[PDB]
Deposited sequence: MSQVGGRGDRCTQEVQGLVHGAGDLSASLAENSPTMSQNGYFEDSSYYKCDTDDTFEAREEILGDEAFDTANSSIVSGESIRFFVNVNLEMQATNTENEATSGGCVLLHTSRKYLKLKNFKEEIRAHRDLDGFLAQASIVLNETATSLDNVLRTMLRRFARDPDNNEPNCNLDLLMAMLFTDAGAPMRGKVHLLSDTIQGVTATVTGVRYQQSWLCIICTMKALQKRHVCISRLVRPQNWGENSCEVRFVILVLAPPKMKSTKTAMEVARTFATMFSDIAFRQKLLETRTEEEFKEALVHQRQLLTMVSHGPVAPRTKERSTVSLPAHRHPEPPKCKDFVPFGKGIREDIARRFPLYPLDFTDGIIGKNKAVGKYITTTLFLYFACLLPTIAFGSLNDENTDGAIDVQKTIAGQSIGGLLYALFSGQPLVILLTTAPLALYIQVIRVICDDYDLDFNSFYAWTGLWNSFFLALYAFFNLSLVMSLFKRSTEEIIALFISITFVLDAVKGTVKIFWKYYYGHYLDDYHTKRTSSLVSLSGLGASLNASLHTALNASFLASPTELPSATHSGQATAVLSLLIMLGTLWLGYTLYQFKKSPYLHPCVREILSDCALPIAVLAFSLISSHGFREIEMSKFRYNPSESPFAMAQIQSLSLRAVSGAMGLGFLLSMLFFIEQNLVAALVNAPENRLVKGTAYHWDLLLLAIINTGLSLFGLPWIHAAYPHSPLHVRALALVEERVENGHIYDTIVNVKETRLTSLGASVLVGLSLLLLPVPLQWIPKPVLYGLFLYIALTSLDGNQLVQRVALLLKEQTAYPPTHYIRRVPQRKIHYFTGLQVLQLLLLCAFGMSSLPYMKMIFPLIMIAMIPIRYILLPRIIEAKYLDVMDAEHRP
């Protein structure tokens, strides 16, 4: 072995408040795969024994030794996760006494190439030869450290355009809030009204064409909204004894998505039915059965009261308090939703076994095949989804696999269970081939009960919709257009009134699908941390065409319901539920901290928040979060409808708990470190 001396030092960003800009040599579309070839081409561009000195193996270039660059500059940032390097660019420096004049070469690679640790996705290489080099390297790093400038340089097609862009960039671098009634809605409408044409003409016309990306994301959204829509329709049909069918769920989802895409601010939010909504509909069905009330009328009245409360919240600008919402409560809610998905799948398979395996109406074969198909669908979907994080696959391959993991698994296992195992008939969701509910035919006592239930549902809707909207409107997503929280809530209430009046299932912003929609509709910079791909969004196109097309396709899918879309057996839908439950915990810090018990604290990056905070306080915070999650499960997943209807109240209550009690029992600094 050979000893290596690594020296790290800061460099102040150049303060612009040039000759080498014009004298720089630009290489575009470099197809070389190795560092040696790229550097040889870059050096030849100047006009060789000069490439050898660039690395540590200076003096013994023939013998096989460690081949590492000597002087490099990169962008670095500090975060709770650790030290994140800007791996999209690299600046190599070489001070050669033989040379007489400074030389600068900027090379843009066709594809991102690993160029070392913390440079796994280099696309720009800035080689600076000096006869100092420090000043030129610092100024070029300062110019290249901008996230948008790198994308602008990527968009350039010619060397002259590259130099002009560089010159242009250098020159350029040189309480009581709720008192106003309806202020938030008016502000959101004013913000997002003038941008409507823009929203509809972002990628269709202009310098950048997004037709292919728009089509691909439209297909993604259509599939990822239809398949969960079918699963939720089947679940509701099982829960409501056929009151809400799969056809009703599909129609409601299509209408709601179309209305939201057409007439909402922040169109990137996707409306879909959720597991807690199914649980609450089950609560309504149980209450109606107990009190002999018509399901349709009671459901319509509950939806009407929920929409009324949501409109009251929107008009009074309550959404602002959602700024106090922290990540811990969000992750607790997400884990509860995943647990509800898992329990729905388990209940479905248990019912299948009870009806078929135990003969409580060849049933054993059907039950075993159902279990096998559900587990296999889950496994295949999870594997195809996790292939997205592989840093060695082509970007196209690992974005198609992410895009078409669940659809591929569903199709493959539907074929397996309907053609490979056609001799074993199994369960399929009901389909009997939209009348307004008789709201007037209901007692006043039932109206008051619906009022209370709608209040609880409105709290649930407020929390969920604002959570997903905040996720979509995160600062790291780089959304130029303004936010629309109150107008979005009002439109959600309106469309929910419309859906409830016709008995269609409720819908709100979908947590798993909205960030996925944003990512599919965004340009990202690949980052490799611990052998996994992480995406840094640079530009989101922010168009309504994708959501509108997805909604229209989902609506048109009603014609494929009888003959197609029914060969998908119920176990495939349960596997879809399991896949959603597992894949909704990708960035869950609560799950990470829970697993930390089985992991090693000292194995995390030196600057990771886990290592920074004492393990005792981390465990205390995890225990408090787990206690909150257990209490949420206890109320919101019991057999008692009267106590299953209360879980929105405790969802509201956790926010005051996190805001008040936890800082009193846990130090504020540690909570700030963990949450951020």
Missing residue ranges, deposited sequence indexing starting at 1:
1 to 104, 122 to 130, 161 to 172, 257 to 263, 307 to 335, 523 to 568, 641 to 644, 888 to 891
